[PDB]
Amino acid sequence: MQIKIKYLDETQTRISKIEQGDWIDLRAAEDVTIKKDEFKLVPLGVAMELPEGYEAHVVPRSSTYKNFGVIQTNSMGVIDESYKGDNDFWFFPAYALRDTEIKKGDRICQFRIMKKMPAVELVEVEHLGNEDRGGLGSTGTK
């Protein structure tokens, strides 16, 4: 399969697949300063057209917190297939838990493609007729 990738400009550092990386690292399109308890969209400088039928998912690197002090407010980002216009540039929504700086080209998150869920009819029912599982720690911790 092919992903069509359009960079914001000639100064973006191209993204790349590496051997031991199952997902592909994305990079801050510019220097970004964030304060403790402050929010900021970090631009990733990339617009993409994914193969037919695929969405993309975006998560932090596991070193993102150590190196950059931020977490991703939407936890795992969902890039909709339809987000493929010439101006639909990808972003990483960041919340700083400490004062931090990010540099241009810094690998701060990673992505992969995956097939969209199938089409599914929503059948409204009065009663489900299954026994309750329960949740929220119903199985304990020990």
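For every residue, the number given is its place in the sequence shown, counted from 1. We call the rigid core whatever largest set of C-alpha positions still superposes within 1.5 Å between the two forms.
Remark: when the other structures in 5 other deposited structures of this protein are fitted onto this one via the rigid core, 21-29 deviates more than the alternative among 21-29 and 7-15, judged by RMS CA distance. The stretch 7-15 shows the higher mean C-alpha B-factor when 7-15 is compared against 123-131 in the entry. The mean C-alpha temperature factor is higher for 87-95 when 56-64 and 87-95 are set side by side.
The residue among 109, 29, 117, 79 whose C-alpha atom has the highest B-factor in the PDB entry is 29.
Compared with the other modelled residues of the chain, the Cα B-factor recorded for residue 105 ranks in the highest third. In this PDB entry, residue 44 carries a Cα temperature factor that places it within the middle third of its chain's modelled residues. Residue-level temperature factors show residue 70 in the middle third of its chain, judged at the C-alpha atom.
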